[PDB]
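Below you will find one chain, with nothing else, as structure tokens; this is the form deposited in one PDB entry, and questions on how it binds or moves follow later.
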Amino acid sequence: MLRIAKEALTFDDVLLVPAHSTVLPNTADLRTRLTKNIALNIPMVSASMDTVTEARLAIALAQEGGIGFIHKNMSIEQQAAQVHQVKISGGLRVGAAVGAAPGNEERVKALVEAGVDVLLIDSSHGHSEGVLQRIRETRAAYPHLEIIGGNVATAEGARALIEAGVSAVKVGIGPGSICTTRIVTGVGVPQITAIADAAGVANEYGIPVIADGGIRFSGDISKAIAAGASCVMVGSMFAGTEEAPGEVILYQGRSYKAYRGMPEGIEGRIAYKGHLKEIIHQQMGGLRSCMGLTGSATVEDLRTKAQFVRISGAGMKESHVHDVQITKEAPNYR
């Protein structure tokens, strides 16, 4: 007998159910929490990747209300340099990622000295004991430092991270656009199910959930939040924008930037997205519209009370633009 735990759903398997509303899209409140002690003005944080977030993007993102995470594919000093560099740009908040393996001891130390607002312990498997123990050791050394652990996709995995002492649980095993983990390993959980399962446990402790990977459209943000996420960590959305690392590549007619997986990942190309400020404006414009459609005055309104309906592939095809030859693609329909 096959040991099937359950059925699992991702973003294209569901739609948000429209409801009675006393909220205008321009009156929606996008304020939320990144950690238990850290609040964001917009529910967006950047991925800690060499092709996504350095000091330049982290500033532009923080100016819009989010938080950038400095990747760890550089020297400690350089990483510490960028944090302070971000910190001295109008009192901006900034996170910094580290490895879960021993050796990040003084890297964390310097970042704390560099005045990092939230530490991210990064791993492919947040439910591994080696990762759990690094959180415990890190928590004791800095009793009130905000720390984010991951990644997981299960309730106990979320539960295990919480007693380790995390301030927020990051959800996502496989849904990364440049990720092949689910293919190469055969292990993974469709992101919508991943969020809700972790949301079920994190809610007990009042600990925020970060949905990480898989977001491709602005409507995906609304679904991740409605699944239980406090905010979303994205890469393919910030890959392309001017502020992100890497130069623009003109290829076979159009502009591109490099977007690679930090083999589980790949090295790819992604459409240049101009200035970050417009991207967030476009992205948060869909959420606000969604919050208007579902009567969600706040993010907590959407995160806790919004309803779903399950759809087929035929339903998703109906959701997309269909049976017409597009002549002017919208900037948000890239």
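Numbering starts at 1 and runs along the sequence shown. Residues that one form lacks are left out of the comparison. Think of the rigid core as the biggest set of C-alphas that the two forms share within 1.5 Å after superposition.
At least a third of the other compared entries: do they leave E113 without coordinates?
Looking at the other entries that model residues on either side of it, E113 is present in every one.
Is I70 unresolved, in the sense of carrying no coordinates, in at least a third of the other compared entries?
No, none of the compared structures omit it.
Neighbours in the displayed sequence, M262 and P263 may still hide a gap; how many deposited residues lack coordinates there, none, 1 to 3, 4 to 9, or 10 or more?
Per the record, 10 or more deposited residues are absent between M262 and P263.
Residue range whose averaged C-alpha B-factor is higher in the record, 18 to 26 or 314 to 322:
The deposited B-factors put 18 to 26 ahead on the C-alpha mean.
Would you mind comparing 77 to 85 and 126 to 134 for me and telling me which has the higher average C-alpha temperature factor in the entry?
The stretch with the larger mean CA B-factor is 77 to 85.
Please work out which residue in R56, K36, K305, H281 has the highest C-alpha B-factor recorded for this crystal structure.
Spelled out: the listed residue with the top C-alpha B-factor is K36.
If I read the C-alpha B-factors straight from the PDB entry, which of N41, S289, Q63, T298 is highest?
Comparing C-alpha B-factors across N41, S289, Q63, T298, the top value belongs to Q63.
Lowest, middle or highest third - CA B-factor, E242
Answer is lowest: the recorded C-alpha B-factor places it there.
Would you mind ranking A8 by its C-alpha B-factor against the rest of the chain and naming the third, lowest, middle or highest?
Lowest third - that is where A8 ends up once the chain's C-alpha B-factors are sorted.
Going by the recorded CA B-factors, say which third of the chain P143 sits in, lowest, middle or highest.
Tercile = highest for this residue's CA B-factor.
Taking the entry's C-alpha B-factors for this chain, is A164 in the lowest, middle or highest third?
As the PDB entry reports it, the C-alpha B-factor of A164 lands in the middle third of its chain.
Could you say whether, by C-alpha temperature factor, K170 belongs to the lowest, middle or highest third of its chain?
Lowest third, going by the recorded CA B-factors of the chain.
What comes next is about the form deposited in another entry, which does not appear here.
Once you align the rigid core, which of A101, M74, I249, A141 turns out to move its Cα at least 2 Å between the shown form and the other one?
Only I249 moves by 2 Å or more at its C-alpha.
Align both forms on the core first, then report whether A160 has a C-alpha shift of 2 Å or more between the shown form and the other one.
The answer is no, as the C-alpha of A160 shifts between the shown form and the other one by less than 2 Å after core alignment.
Is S177 among the residues whose Cα moves by 2 Å or more between the shown form and the other one after superposition of the rigid core?
Passes the 2 Å threshold, so yes.
Closer or farther: how do the CA atoms of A97 and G176 lie in the other form, compared with the form shown, if the change is at least 3 Å?
Here the pair is closer than in the other form; there, farther apart.
Note whether the distance between the C-alpha atoms of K6 and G176 decreases (closer) or increases (farther) in the other form, against the displayed form; the change is 3 Å or more.
Relative to the shown form, the pair is closer.
Three or more consecutive residues, each Cα shifted by 2 Å or more between the shown form and the other one after core superposition: list those runs for me in sequence order.
Moving stretches, in sequence order: 175 to 179, 247 to 259, 269 to 272.
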